[PDB]
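A.B. asks: Just one file: data.csv, with CSV, C-alpha atoms and all ligand atoms.
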```
chain,number,residue,atom,x,y,z
F,9,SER,CA,13.6,-28.7,19.5
F,10,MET,CA,11.4,-27.9,22.4
F,11,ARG,CA,8.3,-26.6,20.6
F,12,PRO,CA,4.7,-25.9,21.6
F,13,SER,CA,1.8,-28.1,20.4
F,14,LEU,CA,-0.6,-26.8,17.9
F,15,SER,CA,-3.3,-27.4,20.5
F,16,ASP,CA,-1.6,-24.6,22.6
F,17,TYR,CA,-2.9,-22.0,20.1
F,18,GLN,CA,-6.4,-20.9,19.4
F,19,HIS,CA,-7.8,-21.7,15.9
F,20,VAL,CA,-8.7,-18.4,14.5
F,21,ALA,CA,-10.0,-19.2,11.0
F,22,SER,CA,-9.2,-20.0,7.5
F,23,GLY,CA,-10.1,-21.4,4.1
F,24,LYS,CA,-9.8,-24.6,2.0
F,25,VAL,CA,-6.2,-25.6,2.3
F,26,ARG,CA,-4.6,-23.3,4.9
F,27,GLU,CA,-5.1,-22.6,8.6
F,28,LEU,CA,-4.6,-19.7,10.9
F,29,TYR,CA,-3.9,-19.8,14.7
F,30,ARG,CA,-3.5,-17.1,17.3
F,31,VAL,CA,-0.1,-17.1,19.0
F,32,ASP,CA,-0.7,-14.0,21.0
F,33,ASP,CA,-2.4,-10.6,20.6
F,34,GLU,CA,-0.1,-9.5,17.7
F,35,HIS,CA,1.1,-12.7,16.2
F,36,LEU,CA,-0.4,-15.5,14.2
F,37,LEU,CA,0.7,-18.9,12.9
F,38,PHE,CA,0.0,-19.2,9.2
F,39,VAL,CA,-0.2,-22.9,8.2
F,40,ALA,CA,-0.1,-24.4,4.7
F,41,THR,CA,-1.4,-27.9,4.4
F,42,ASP,CA,-0.8,-30.7,1.8
F,43,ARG,CA,-4.4,-30.5,0.6
F,44,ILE,CA,-4.8,-29.6,-3.1
F,45,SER,CA,-7.7,-28.1,-4.9
F,46,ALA,CA,-8.7,-28.8,-8.5
F,47,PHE,CA,-11.9,-27.8,-10.3
F,48,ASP,CA,-12.9,-25.9,-7.1
F,49,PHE,CA,-12.9,-29.2,-5.1
F,50,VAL,CA,-10.5,-30.0,-2.3
F,51,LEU,CA,-9.3,-33.4,-3.4
F,52,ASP,CA,-9.3,-36.5,-1.1
F,53,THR,CA,-5.6,-37.1,-1.7
F,54,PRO,CA,-3.0,-34.8,-0.2
F,55,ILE,CA,0.2,-34.0,-2.1
F,56,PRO,CA,3.1,-35.0,0.1
F,57,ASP,CA,5.2,-32.0,1.2
F,58,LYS,CA,3.0,-29.5,-0.7
F,59,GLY,CA,2.6,-27.4,2.4
F,60,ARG,CA,6.4,-27.3,3.0
F,61,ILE,CA,7.2,-26.5,-0.7
F,62,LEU,CA,4.7,-23.7,-1.0
F,63,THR,CA,5.8,-22.2,2.3
F,64,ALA,CA,9.4,-22.3,1.1
F,65,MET,CA,8.2,-20.6,-2.1
F,66,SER,CA,6.4,-17.8,-0.3
F,67,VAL,CA,9.4,-17.3,2.0
F,68,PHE,CA,11.7,-17.0,-1.1
F,69,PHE,CA,9.5,-14.3,-2.7
F,70,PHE,CA,9.1,-12.4,0.6
F,71,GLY,CA,12.9,-12.2,0.7
F,72,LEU,CA,13.2,-11.3,-3.0
F,73,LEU,CA,10.8,-8.3,-2.8
F,74,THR,CA,11.7,-5.2,-0.8
F,75,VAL,CA,8.2,-4.4,0.3
F,76,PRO,CA,6.9,-4.8,3.9
F,77,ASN,CA,5.5,-8.3,4.6
F,78,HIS,CA,3.9,-10.1,7.5
F,79,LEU,CA,6.8,-12.4,8.5
F,80,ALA,CA,7.6,-12.0,12.2
F,81,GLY,CA,10.3,-14.7,12.7
F,82,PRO,CA,12.5,-17.3,11.0
F,83,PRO,CA,11.0,-20.4,9.5
F,84,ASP,CA,12.5,-22.4,12.5
F,85,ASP,CA,11.1,-20.0,15.1
F,86,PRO,CA,10.6,-21.9,18.4
F,87,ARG,CA,6.9,-20.8,18.6
F,88,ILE,CA,6.2,-23.1,15.5
F,89,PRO,CA,5.0,-26.6,16.5
F,90,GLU,CA,6.9,-29.6,15.3
F,91,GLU,CA,3.8,-31.0,13.6
F,92,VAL,CA,3.8,-28.1,11.1
F,93,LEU,CA,7.5,-27.3,10.9
F,94,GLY,CA,8.4,-26.2,7.4
F,95,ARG,CA,4.8,-25.5,6.5
F,96,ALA,CA,4.0,-22.8,9.0
F,97,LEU,CA,5.2,-19.2,9.6
F,98,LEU,CA,5.1,-16.9,12.6
F,99,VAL,CA,3.5,-13.7,11.2
F,100,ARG,CA,2.3,-10.3,12.4
F,101,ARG,CA,-1.4,-10.0,12.9
F,102,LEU,CA,-2.8,-7.5,10.4
F,103,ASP,CA,-6.1,-5.8,9.7
F,104,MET,CA,-6.8,-7.4,6.3
F,105,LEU,CA,-8.1,-5.2,3.5
F,106,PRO,CA,-11.3,-6.6,2.0
F,107,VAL,CA,-10.0,-6.7,-1.6
F,108,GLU,CA,-8.3,-9.4,-3.6
F,109,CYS,CA,-5.4,-7.7,-5.4
F,110,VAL,CA,-5.0,-9.6,-8.6
F,111,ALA,CA,-2.5,-8.9,-11.3
F,112,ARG,CA,-2.8,-10.3,-14.7
F,113,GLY,CA,0.0,-10.5,-17.3
F,114,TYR,CA,-2.0,-12.7,-19.6
F,115,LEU,CA,-5.6,-13.0,-20.5
F,116,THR,CA,-7.3,-16.2,-19.3
F,117,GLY,CA,-10.1,-17.4,-17.0
F,118,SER,CA,-12.6,-14.8,-15.9
F,119,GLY,CA,-10.4,-12.0,-17.3
F,120,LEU,CA,-10.7,-13.5,-20.8
F,121,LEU,CA,-14.4,-14.2,-20.3
F,122,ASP,CA,-15.2,-10.6,-19.2
F,123,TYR,CA,-13.2,-9.4,-22.2
F,124,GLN,CA,-15.1,-11.6,-24.6
F,125,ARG,CA,-18.4,-10.5,-23.2
F,126,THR,CA,-17.7,-6.7,-22.8
F,127,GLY,CA,-14.4,-5.8,-24.3
F,128,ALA,CA,-13.1,-4.9,-20.9
F,129,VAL,CA,-11.7,-6.4,-17.7
F,130,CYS,CA,-12.2,-4.7,-14.3
F,131,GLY,CA,-12.6,-1.3,-15.9
F,132,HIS,CA,-9.8,-1.8,-18.4
F,133,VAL,CA,-11.0,-1.4,-22.0
F,134,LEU,CA,-8.5,-3.5,-24.0
F,135,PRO,CA,-7.4,-3.6,-27.6
F,136,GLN,CA,-9.5,-5.6,-30.0
F,137,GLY,CA,-8.3,-9.0,-31.2
F,138,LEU,CA,-7.0,-10.6,-28.0
F,139,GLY,CA,-7.8,-14.1,-27.0
F,140,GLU,CA,-6.9,-17.0,-24.8
F,141,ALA,CA,-3.4,-16.6,-23.2
F,142,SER,CA,-2.8,-13.3,-24.9
F,143,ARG,CA,-0.1,-11.2,-23.3
F,144,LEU,CA,-1.4,-8.1,-21.6
F,145,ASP,CA,0.9,-5.2,-22.2
F,146,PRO,CA,0.9,-3.6,-19.7
F,147,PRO,CA,-0.1,-6.1,-17.0
F,148,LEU,CA,-3.4,-5.3,-15.4
F,149,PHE,CA,-4.6,-4.6,-11.9
F,150,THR,CA,-7.8,-6.7,-11.8
F,151,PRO,CA,-9.2,-6.4,-8.3
F,152,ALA,CA,-11.9,-8.7,-7.0
F,153,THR,CA,-14.0,-9.2,-3.9
F,154,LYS,CA,-14.8,-12.5,-2.2
F,155,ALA,CA,-18.4,-13.7,-2.7
F,156,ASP,CA,-20.5,-16.3,-1.0
F,157,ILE,CA,-18.8,-19.5,0.4
F,158,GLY,CA,-17.9,-21.8,-2.5
F,159,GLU,CA,-18.5,-19.4,-5.4
F,160,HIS,CA,-16.1,-17.4,-7.5
F,161,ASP,CA,-14.8,-14.0,-6.6
F,162,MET,CA,-16.5,-10.9,-8.1
F,163,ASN,CA,-14.3,-8.9,-10.5
F,164,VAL,CA,-14.6,-5.1,-9.8
F,165,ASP,CA,-12.9,-1.9,-11.0
F,166,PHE,CA,-10.7,0.7,-9.4
F,167,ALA,CA,-13.7,2.8,-8.3
F,168,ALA,CA,-15.0,-0.1,-6.3
F,169,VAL,CA,-11.6,-0.5,-4.6
F,170,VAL,CA,-11.6,3.2,-3.7
F,171,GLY,CA,-15.0,2.7,-2.0
F,172,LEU,CA,-13.6,-0.3,-0.1
F,173,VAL,CA,-10.3,1.1,1.2
F,174,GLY,CA,-10.0,4.8,0.4
F,175,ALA,CA,-8.7,6.7,-2.6
F,176,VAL,CA,-5.1,7.0,-1.5
F,177,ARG,CA,-4.9,3.4,-0.3
F,178,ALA,CA,-6.5,2.1,-3.5
F,179,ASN,CA,-3.8,3.9,-5.6
F,180,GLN,CA,-1.2,2.4,-3.2
F,181,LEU,CA,-2.6,-1.1,-3.7
F,182,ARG,CA,-2.7,-0.8,-7.4
F,183,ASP,CA,0.8,0.5,-7.7
F,184,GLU,CA,2.3,-2.1,-5.4
F,185,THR,CA,0.4,-4.9,-7.0
F,186,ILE,CA,1.6,-4.0,-10.5
F,187,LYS,CA,5.2,-3.4,-9.3
F,188,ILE,CA,5.8,-6.6,-7.4
F,189,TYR,CA,3.9,-8.7,-10.1
F,190,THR,CA,6.1,-7.2,-12.8
F,191,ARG,CA,9.3,-8.0,-10.9
F,192,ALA,CA,8.3,-11.5,-9.9
F,193,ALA,CA,7.0,-12.3,-13.4
F,194,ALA,CA,10.3,-11.3,-15.0
F,195,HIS,CA,12.2,-13.3,-12.5
F,196,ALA,CA,10.2,-16.4,-13.1
F,197,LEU,CA,10.2,-16.0,-16.9
F,198,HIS,CA,14.0,-15.7,-16.9
F,199,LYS,CA,14.0,-19.3,-15.6
F,200,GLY,CA,11.4,-20.5,-18.1
F,201,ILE,CA,8.2,-20.3,-16.1
F,202,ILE,CA,5.5,-17.8,-16.8
F,203,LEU,CA,3.6,-16.2,-13.9
F,204,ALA,CA,0.4,-15.6,-15.8
F,205,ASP,CA,-1.5,-14.0,-12.9
F,206,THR,CA,-1.4,-13.8,-9.2
F,207,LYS,CA,-3.4,-12.8,-6.2
F,208,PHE,CA,-2.2,-10.7,-3.2
F,209,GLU,CA,-3.8,-10.2,0.1
F,210,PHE,CA,-2.7,-7.1,1.9
F,211,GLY,CA,-3.3,-5.9,5.5
F,212,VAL,CA,-2.5,-2.8,7.5
F,213,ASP,CA,-0.3,-2.9,10.6
F,214,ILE,CA,-0.7,-0.8,13.7
F,215,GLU,CA,1.4,2.0,12.2
F,216,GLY,CA,-0.8,2.2,9.1
F,217,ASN,CA,1.7,0.6,6.8
F,218,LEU,CA,0.6,-1.5,3.9
F,219,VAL,CA,1.8,-5.1,4.5
F,220,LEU,CA,1.9,-8.0,2.1
F,221,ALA,CA,0.4,-11.1,3.8
F,222,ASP,CA,-1.0,-14.6,3.2
F,223,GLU,CA,0.8,-16.6,0.5
F,224,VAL,CA,2.8,-14.9,-2.3
F,225,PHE,CA,3.5,-16.2,-5.7
F,226,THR,CA,2.7,-19.8,-5.0
F,227,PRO,CA,1.0,-22.2,-7.4
F,228,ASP,CA,-2.0,-21.9,-5.1
F,229,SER,CA,-2.1,-18.1,-5.4
F,230,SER,CA,-1.0,-17.9,-9.0
F,231,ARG,CA,-1.3,-19.4,-12.4
F,232,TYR,CA,2.1,-20.8,-13.5
F,233,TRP,CA,2.8,-22.0,-17.0
F,234,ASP,CA,5.8,-23.6,-18.7
F,235,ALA,CA,7.3,-21.0,-21.0
F,236,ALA,CA,8.9,-23.6,-23.3
F,237,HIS,CA,5.8,-24.2,-25.4
F,238,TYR,CA,3.8,-21.1,-24.5
F,239,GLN,CA,1.4,-20.7,-27.4
F,240,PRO,CA,-1.0,-17.7,-27.5
F,241,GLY,CA,-4.4,-18.7,-28.6
F,242,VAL,CA,-4.8,-22.1,-26.8
F,243,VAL,CA,-5.4,-22.9,-23.1
F,244,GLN,CA,-2.0,-23.4,-21.4
F,245,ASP,CA,-1.3,-26.4,-19.2
F,246,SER,CA,-1.0,-25.8,-15.4
F,247,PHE,CA,2.6,-26.2,-14.6
F,248,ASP,CA,1.9,-27.9,-11.3
F,249,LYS,CA,-1.7,-29.3,-11.6
F,250,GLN,CA,-1.9,-30.6,-15.1
F,251,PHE,CA,-1.2,-34.3,-14.2
F,252,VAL,CA,-4.0,-34.0,-11.6
F,253,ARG,CA,-6.4,-32.4,-14.1
F,254,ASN,CA,-5.6,-34.9,-16.8
F,255,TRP,CA,-6.1,-37.9,-14.6
F,256,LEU,CA,-9.4,-36.6,-13.1
F,257,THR,CA,-10.9,-35.8,-16.5
F,258,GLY,CA,-9.4,-38.9,-18.2
F,259,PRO,CA,-10.6,-42.4,-18.9
F,260,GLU,CA,-9.3,-43.9,-15.6
F,261,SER,CA,-11.0,-41.7,-13.0
F,262,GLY,CA,-14.7,-42.7,-13.6
F,263,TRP,CA,-15.5,-39.1,-12.8
F,264,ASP,CA,-17.4,-36.6,-14.9
F,265,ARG,CA,-16.3,-33.1,-14.1
F,266,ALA,CA,-19.5,-31.7,-15.5
F,267,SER,CA,-21.4,-33.5,-12.8
F,268,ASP,CA,-20.1,-31.0,-10.3
F,269,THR,CA,-19.9,-33.7,-7.6
F,270,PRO,CA,-16.9,-34.4,-5.5
F,271,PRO,CA,-14.0,-36.1,-7.4
F,272,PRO,CA,-12.5,-39.5,-6.5
F,273,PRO,CA,-9.0,-39.9,-4.8
F,274,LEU,CA,-5.9,-39.6,-7.0
F,275,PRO,CA,-3.4,-42.3,-7.9
F,276,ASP,CA,-0.4,-42.1,-5.5
F,277,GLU,CA,1.8,-41.9,-8.6
F,278,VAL,CA,-0.1,-38.7,-9.7
F,279,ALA,CA,0.3,-37.2,-6.2
F,280,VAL,CA,4.1,-37.9,-6.2
F,281,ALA,CA,4.5,-36.6,-9.8
F,282,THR,CA,2.7,-33.4,-8.6
F,283,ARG,CA,5.0,-33.1,-5.7
F,284,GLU,CA,7.9,-33.2,-8.1
F,285,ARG,CA,6.4,-30.4,-10.2
F,286,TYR,CA,6.1,-28.2,-7.1
F,287,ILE,CA,9.7,-28.9,-6.2
F,288,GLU,CA,10.7,-28.1,-9.8
F,289,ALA,CA,8.9,-24.8,-9.8
F,290,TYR,CA,10.4,-23.9,-6.5
F,291,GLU,CA,13.9,-24.8,-7.3
F,292,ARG,CA,13.9,-23.3,-10.8
F,293,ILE,CA,12.5,-20.0,-9.6
F,294,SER,CA,14.3,-19.6,-6.2
F,295,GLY,CA,17.7,-21.1,-7.2
F,296,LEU,CA,17.6,-23.0,-3.9
F,297,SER,CA,17.4,-26.7,-3.1
F,298,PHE,CA,14.2,-28.0,-1.5
F,299,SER,CA,16.4,-30.6,0.3
F,300,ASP,CA,17.7,-27.7,2.4
F,301,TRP,CA,14.2,-26.6,3.5
F,302,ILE,CA,13.3,-27.4,7.1
F,303,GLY,CA,10.8,-29.9,8.4
F,304,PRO,CA,10.1,-33.6,8.0
F,305,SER,CA,9.7,-35.3,4.6
Q,401,LIG,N1,-0.8,-11.7,8.6
Q,401,LIG,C1,-2.1,-11.9,8.6
Q,401,LIG,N2,-2.9,-11.3,9.5
Q,401,LIG,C2,-4.2,-11.4,9.6
Q,401,LIG,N3,-4.9,-12.2,8.7
Q,401,LIG,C3,-4.2,-12.9,7.8
Q,401,LIG,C4,-2.8,-12.7,7.6
Q,401,LIG,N4,-2.4,-13.5,6.6
Q,401,LIG,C5,-3.5,-14.1,6.1
Q,401,LIG,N5,-4.6,-13.7,6.8
Q,401,LIG,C6,-6.0,-14.1,6.6
Q,401,LIG,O1,-6.3,-15.3,7.1
Q,401,LIG,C7,-7.5,-15.9,6.4
Q,401,LIG,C8,-7.3,-17.3,6.1
Q,401,LIG,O2,-6.2,-17.5,5.3
Q,401,LIG,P1,-6.4,-18.4,3.9
Q,401,LIG,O3,-5.1,-18.2,3.1
Q,401,LIG,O4,-6.9,-19.8,4.2
Q,401,LIG,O5,-7.6,-17.5,3.3
Q,401,LIG,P2,-8.0,-17.5,1.7
Q,401,LIG,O6,-6.7,-17.1,1.0
Q,401,LIG,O7,-9.2,-16.8,1.6
Q,401,LIG,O8,-8.2,-19.1,1.5
Q,401,LIG,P3,-8.8,-19.7,0.1
Q,401,LIG,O9,-8.0,-19.0,-1.0
Q,401,LIG,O10,-8.5,-21.2,0.2
Q,401,LIG,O11,-10.3,-19.3,0.1
Q,401,LIG,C9,-7.6,-15.0,5.2
Q,401,LIG,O12,-8.8,-14.2,5.3
Q,401,LIG,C10,-6.4,-14.1,5.1
Q,401,LIG,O13,-6.8,-12.8,4.7
Q,402,MG,MG,-6.9,-21.9,2.3
```
Can you present the structure in this file as structure tokens?
Ligand SMILES: Nc1ncnc2c1ncn2[C@@H]1O[C@H](COP(=O)(O)OP(=O)(O)OP(=O)(O)O)[C@@H](O)[C@H]1O
Ligand SMILES: [Mg+2]
C.D. replies:
Amino acid sequence: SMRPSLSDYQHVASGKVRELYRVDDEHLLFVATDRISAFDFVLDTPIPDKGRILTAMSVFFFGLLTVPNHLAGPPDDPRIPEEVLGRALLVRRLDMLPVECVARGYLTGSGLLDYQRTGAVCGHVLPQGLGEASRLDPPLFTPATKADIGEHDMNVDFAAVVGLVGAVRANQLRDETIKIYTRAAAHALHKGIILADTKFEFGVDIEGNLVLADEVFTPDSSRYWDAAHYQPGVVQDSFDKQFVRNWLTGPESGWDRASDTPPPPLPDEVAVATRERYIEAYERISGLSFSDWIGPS
């Protein structure tokens, strides 16, 4: 249990709810936090154990899939500081590809909106008559690129991906994205949870291999829905975040989402209920017990 301090590692970067540290020239520490985002705001109130639960989830899916991934040691690797144990992974440093590899099995969000405006999504001209939460058969590769800080990603088509990473690599990204999405979506649905869409971040290792990195198939990287009352044609509830969304936009919060100003803190009971939803998604899909996952509660 002798472990380095987080302060022993250089802070490299990161986004809203995760952190990245340099361990050495070829390894990083990939840290999930308990912070949660809703309506594109990072909320004041952390969700207890969220970082650990989502790390456990990513680790499960990395083990399920047979494709190369960025894991470089066990979840209890001694290079991991105690203060992030269970919510941090020792990973291989990759050259990240500048494209968001999104797979959509169902039509919602910007995919639906692009379809309603144009009849197409990311260069895919779709059948007429689709709508909110329609199943996409087959699932779509719907790549995007990151835009300015704070604003939504830009949907692009396959030709744009070719110009970003090369023709052969673009085809490789497309094929792998669809393959692993299809497998994971079937696995989750078998247990009563729909993986509506998901985003992969790929990088390339020293050998030129395509490597799956960042987070995979978590509620932060994906839209999860409860299959039990999946109803094409209406907006589906977020499996994990609906209690948060309902409280924020309900009569008790005092917050108007349309104001586009930072939301107030959550009730502790809502945070704990949300924690339980994350655990439920993890346990149902993985078939493992979160009580066995490492790290402090
Ligand atoms: N194995 C890896 N090697 C190198 N960089 C990585 C690796 N895994 C993830 N990253 C990168 O680290 C950066 C920070 O990670 P983080 O998940 O916070 O980014 P993000 O997904 O863009 O965040 P957000 O979705 O909140 O905007 C990302 O640009 C991601 O591509
Ligand atoms: Mg982040």
A.B. asks: Using only C-alpha atoms and all ligand atoms, what table do you get, as a tab-separated table, when you list each residue of chain F with an atom no more than 8 Å from ligand MG 402 (chain Q), its nearest pair of atoms, and their distance in Å rounded to one decimal, rows by chain then rising number?
C.D. replies:
```
residue	atom	partner	partner_atom	distance
F:22	CA	Q:MG402	MG	6.0
F:23	CA	Q:MG402	MG	3.7
F:24	CA	Q:MG402	MG	4.0
F:25	CA	Q:MG402	MG	3.8
F:26	CA	Q:MG402	MG	3.7
F:27	CA	Q:MG402	MG	6.6
F:40	CA	Q:MG402	MG	7.6
```
A.B. asks: Would you write out those residues with C-alpha atoms, as a compact mmCIF listing (two decimals), in the frame of the given file?
C.D. replies:
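And here is the file that came out, result_21.txt:
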```
# COMPACT_ATOMS: atom_id res chain seq x y z
CA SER F 22 -9.20 -20.00 7.50
CA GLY F 23 -10.10 -21.40 4.10
CA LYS F 24 -9.80 -24.60 2.00
CA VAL F 25 -6.20 -25.60 2.30
CA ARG F 26 -4.60 -23.30 4.90
CA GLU F 27 -5.10 -22.60 8.60
CA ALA F 40 -0.10 -24.40 4.70
```
A.B. asks: Check every protein, DNA and RNA residue against ligand LIG 401 (chain Q), keep those with an atom at most 7 Å away (counting all atoms listed in the file), and present them as a short mmCIF file (atom, residue, chain, number, x, y, z; two decimals) with C-alpha atoms, keeping the file's coordinate frame.
C.D. replies:
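Below is the file that was written, selection26.cif:
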```cif
data_model
loop_
_atom_site.label_atom_id
_atom_site.label_comp_id
_atom_site.auth_asym_id
_atom_site.auth_seq_id
_atom_site.Cartn_x
_atom_site.Cartn_y
_atom_site.Cartn_z
CA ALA F 21 -10.00 -19.20 11.00
CA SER F 22 -9.20 -20.00 7.50
CA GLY F 23 -10.10 -21.40 4.10
CA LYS F 24 -9.80 -24.60 2.00
CA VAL F 25 -6.20 -25.60 2.30
CA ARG F 26 -4.60 -23.30 4.90
CA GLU F 27 -5.10 -22.60 8.60
CA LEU F 28 -4.60 -19.70 10.90
CA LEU F 36 -0.40 -15.50 14.20
CA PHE F 38 0.00 -19.20 9.20
CA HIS F 78 3.90 -10.10 7.50
CA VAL F 99 3.50 -13.70 11.20
CA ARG F 100 2.30 -10.30 12.40
CA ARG F 101 -1.40 -10.00 12.90
CA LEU F 102 -2.80 -7.50 10.40
CA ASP F 103 -6.10 -5.80 9.70
CA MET F 104 -6.80 -7.40 6.30
CA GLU F 209 -3.80 -10.20 0.10
CA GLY F 211 -3.30 -5.90 5.50
CA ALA F 221 0.40 -11.10 3.80
CA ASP F 222 -1.00 -14.60 3.20
CA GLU F 223 0.80 -16.60 0.50
#
```
A.B. asks: Just the number, please: distance in Å from CA of residue 266 (chain F) to CA of residue 116 (chain F), one decimal.
C.D. replies: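 Going from CA of residue 266 (chain F) over to CA of residue 116 (chain F) covers 20.1 Å.
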A.B. asks: Show me the residues close to (-7.4, -31.2, -4.2) - anything with an atom within 12 Å, counting only C-alpha atoms - and format the list as a JSON list (two decimals) with C-alpha atoms, in the frame of the given file.
C.D. replies:
```json
[["chain", "number", "residue", "atom", "x", "y", "z"],
["F", 24, "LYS", "CA", -9.80, -24.60, 2.00],
["F", 25, "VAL", "CA", -6.20, -25.60, 2.30],
["F", 41, "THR", "CA", -1.40, -27.90, 4.40],
["F", 42, "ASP", "CA", -0.80, -30.70, 1.80],
["F", 43, "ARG", "CA", -4.40, -30.50, 0.60],
["F", 44, "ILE", "CA", -4.80, -29.60, -3.10],
["F", 45, "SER", "CA", -7.70, -28.10, -4.90],
["F", 46, "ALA", "CA", -8.70, -28.80, -8.50],
["F", 47, "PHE", "CA", -11.90, -27.80, -10.30],
["F", 48, "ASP", "CA", -12.90, -25.90, -7.10],
["F", 49, "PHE", "CA", -12.90, -29.20, -5.10],
["F", 50, "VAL", "CA", -10.50, -30.00, -2.30],
["F", 51, "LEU", "CA", -9.30, -33.40, -3.40],
["F", 52, "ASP", "CA", -9.30, -36.50, -1.10],
["F", 53, "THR", "CA", -5.60, -37.10, -1.70],
["F", 54, "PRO", "CA", -3.00, -34.80, -0.20],
["F", 55, "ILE", "CA", 0.20, -34.00, -2.10],
["F", 56, "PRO", "CA", 3.10, -35.00, 0.10],
["F", 58, "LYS", "CA", 3.00, -29.50, -0.70],
["F", 228, "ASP", "CA", -2.00, -21.90, -5.10],
["F", 249, "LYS", "CA", -1.70, -29.30, -11.60],
["F", 252, "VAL", "CA", -4.00, -34.00, -11.60],
["F", 253, "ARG", "CA", -6.40, -32.40, -14.10],
["F", 256, "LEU", "CA", -9.40, -36.60, -13.10],
["F", 270, "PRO", "CA", -16.90, -34.40, -5.50],
["F", 271, "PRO", "CA", -14.00, -36.10, -7.40],
["F", 272, "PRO", "CA", -12.50, -39.50, -6.50],
["F", 273, "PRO", "CA", -9.00, -39.90, -4.80],
["F", 274, "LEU", "CA", -5.90, -39.60, -7.00],
["F", 278, "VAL", "CA", -0.10, -38.70, -9.70],
["F", 279, "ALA", "CA", 0.30, -37.20, -6.20],
["F", 282, "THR", "CA", 2.70, -33.40, -8.60]]
```
A.B. asks: Between F:31, F:293, F:37, F:65, which residue has the minimum interatomic distance to residue 196 (chain F), considering only C-alpha atoms?
C.D. replies: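 That would be F:293, the residue with the smallest distance to residue 196 (chain F).
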A.B. asks: Write out as a ChimeraX atom specification each polymer residue whose atoms come within 9 Å of residue 69 (chain F), counting all atoms listed in the file; drop sequence neighbours fewer than 5 positions from it.
C.D. replies: /F:64,192,224-225,294
A.B. asks: Could you check the closest approach to residue 233 (chain F) for each of F:114, F:70, F:255, F:29 and tell me which residue wins, using only C-alpha atoms?
C.D. replies: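 Using only C-alpha atoms, the shortest distance to residue 233 (chain F) belongs to F:114.
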A.B. asks: Using all atoms listed in the file, find all polymer residues with an atom at most 6 Å away from the point (5.4, -28.1, -11.6); report them as a ChimeraX atom specification.
C.D. replies: /F:247-248,285-286,288-289
A.B. asks: Measuring between all atoms listed in the file, which one of F:135, F:258, F:227, F:106 shows the shortest distance to residue 66 (chain F)?
C.D. replies: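 Closest to residue 66 (chain F), using all atoms listed in the file: F:227.
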A.B. asks: May I have the residues within 10 Å of residue 181 (chain F) as a CSV table (one decimal) with C-alpha atoms, in the coordinates of the input, using all atoms listed in the file and disregarding those fewer than 6 positions away in the same chain?
C.D. replies:
```csv
chain,number,residue,atom,x,y,z
F,105,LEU,CA,-8.1,-5.2,3.5
F,107,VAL,CA,-10.0,-6.7,-1.6
F,109,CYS,CA,-5.4,-7.7,-5.4
F,149,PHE,CA,-4.6,-4.6,-11.9
F,151,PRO,CA,-9.2,-6.4,-8.3
F,169,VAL,CA,-11.6,-0.5,-4.6
F,170,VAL,CA,-11.6,3.2,-3.7
F,173,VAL,CA,-10.3,1.1,1.2
F,175,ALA,CA,-8.7,6.7,-2.6
F,187,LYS,CA,5.2,-3.4,-9.3
F,208,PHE,CA,-2.2,-10.7,-3.2
F,209,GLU,CA,-3.8,-10.2,0.1
F,210,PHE,CA,-2.7,-7.1,1.9
F,218,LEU,CA,0.6,-1.5,3.9
```
A.B. asks: Would you please work out which residue, of F:295, F:200, F:147, F:117, is nearest to residue 237 (chain F) when using only C-alpha atoms?
C.D. replies: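 When distances to residue 237 (chain F) are compared using only C-alpha atoms, the smallest one comes from F:200.
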A.B. asks: Enter the distance from CA of residue 302 (chain F) to CA of residue 283 (chain F), in Å, rounded to one decimal.
C.D. replies: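 Taking CA of residue 302 (chain F) as the start and CA of residue 283 (chain F) as the end point, the length is 16.3 Å.
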A.B. asks: Can you work out which one of F:30, F:182, F:190, F:220 has the shortest atom-to-atom distance to residue 16 (chain F), counting all atoms listed in the file?
C.D. replies: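 Among the listed residues, F:30 lies closest to residue 16 (chain F).
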A.B. asks: In Å, rounded to a single decimal, give me how far CA of residue 229 (chain F) is from CA of residue 166 (chain F).
C.D. replies: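 About the pair CA of residue 166 (chain F) and CA of residue 229 (chain F): they are 21.1 Å apart.
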A.B. asks: Using all atoms listed in the file for the distances, tell me which of F:304, F:79, F:128, F:33 is nearest to residue 17 (chain F).
C.D. replies: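 When distances to residue 17 (chain F) are compared using all atoms listed in the file, the smallest one comes from F:33.
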A.B. asks: Which polymer residues have any atom within 10 Å of an atom of residue 124 (chain F), counting only C-alpha atoms, with same-chain residues fewer than 2 positions away left out, as a list in words?
C.D. replies: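 Residues near the query, excluding close chain neighbours: residues 118, 119, 120, 121, 122, 126, 127, 128, 129, 136, 137, 138, 139 and 140 of chain F.
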A.B. asks: Please identify all polymer residues within 9 Å of residue 189 (chain F), counting only C-alpha atoms, omitting same-chain residues fewer than 2 positions from it, and present them as a PDB file with C-alpha atoms, in the frame of the given file.
C.D. replies:
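For reference, out_39.pdb as written:
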```
ATOM      1  CA  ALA F 111      -2.500  -8.900 -11.300  1.00  0.00           C
ATOM      2  CA  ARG F 112      -2.800 -10.300 -14.700  1.00  0.00           C
ATOM      3  CA  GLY F 113       0.000 -10.500 -17.300  1.00  0.00           C
ATOM      4  CA  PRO F 147      -0.100  -6.100 -17.000  1.00  0.00           C
ATOM      5  CA  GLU F 184       2.300  -2.100  -5.400  1.00  0.00           C
ATOM      6  CA  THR F 185       0.400  -4.900  -7.000  1.00  0.00           C
ATOM      7  CA  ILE F 186       1.600  -4.000 -10.500  1.00  0.00           C
ATOM      8  CA  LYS F 187       5.200  -3.400  -9.300  1.00  0.00           C
ATOM      9  CA  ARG F 191       9.300  -8.000 -10.900  1.00  0.00           C
ATOM     10  CA  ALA F 192       8.300 -11.500  -9.900  1.00  0.00           C
ATOM     11  CA  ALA F 193       7.000 -12.300 -13.400  1.00  0.00           C
ATOM     12  CA  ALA F 194      10.300 -11.300 -15.000  1.00  0.00           C
ATOM     13  CA  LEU F 203       3.600 -16.200 -13.900  1.00  0.00           C
ATOM     14  CA  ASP F 205      -1.500 -14.000 -12.900  1.00  0.00           C
ATOM     15  CA  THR F 206      -1.400 -13.800  -9.200  1.00  0.00           C
ATOM     16  CA  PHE F 225       3.500 -16.200  -5.700  1.00  0.00           C
TER      17      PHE F 225
END
```
